[PDB]
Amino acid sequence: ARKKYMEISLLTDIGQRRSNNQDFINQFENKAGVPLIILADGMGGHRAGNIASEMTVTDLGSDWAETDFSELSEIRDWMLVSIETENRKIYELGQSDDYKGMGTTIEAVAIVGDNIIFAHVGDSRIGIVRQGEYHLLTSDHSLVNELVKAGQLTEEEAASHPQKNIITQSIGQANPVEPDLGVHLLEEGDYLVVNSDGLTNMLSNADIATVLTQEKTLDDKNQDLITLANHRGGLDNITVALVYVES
């Protein structure tokens, strides 16, 4: 019950080094006017990553469009439920054709007034940029983060771990998924930054904060983010949702 005008910008890019974009991103709006942004990073050889990412985003968002709710707790019930049905829908689909290792990350973000609530599965990320500073909101579901949490690495040690991130859960797996949820307040001038790993593997947090500090449109800033990610190497698909909170 605190109306803020908010600008949303979506962009996806294949990257310099890849010939297939298995990321998917889209926005939706339910019958009560509540926007939802869904970003998904798919994995799996010849089109299994494409299918999983586009299916999750399209199915959830199409179901979202038919809903009625305007409260956080109702939206939260919806996220926990829909993600489990999509998890078993993609696993089943992974089994019945021979799709080796089909799965996707998810970030699902709904904006109620000036609050956001997210559901998060994988190594995609959500951050807030305020007064030139990036605040990380999600924790990567990765091998190195499990080692920290069990007391086998320090946080400093994981930051310089030499192996690539092996994901520990994704949508389309046999066991039920455990998504992370979070409610946060957005302040005037903030930027919500929702991205797949292709942004943040190539750019530092402060680099992202730098791009968004300029006086340019949101759409131009999002273009600058992927251009920079490509200049740094572009080794993976880059996909970003930006939300700016108007003053």
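In case it trips you up, residue 1 is the first one in the sequence shown, and so on.
According to the PDB record, 154-162 carries the higher mean C-alpha B-factor of the two stretches 120-128 and 154-162. Checked against the record, the higher mean CA B factor of 97-105 and 140-148 lies with 97-105. Highest CA B-factor among the listed residues (43, 36, 57, 194): 43. The residue among 199, 211, 183, 48 whose C-alpha atom has the highest B-factor in the PDB entry is 48. Sort the chain's modelled residues by C-alpha temperature factor and residue 226 lands in the middle third, per the entry. Residue-level temperature factors show residue 27 in the lowest third of its chain, judged at the C-alpha atom. Among the modelled residues of its chain, residue 16 has a C-alpha B-factor that falls in the highest third, as given in the PDB entry. Compared with the other modelled residues of the chain, the Cα B-factor recorded for residue 174 ranks in the highest third. Ranked against the other modelled residues of its chain, the C-alpha B-factor of residue 167 as given in the entry falls in the highest third.
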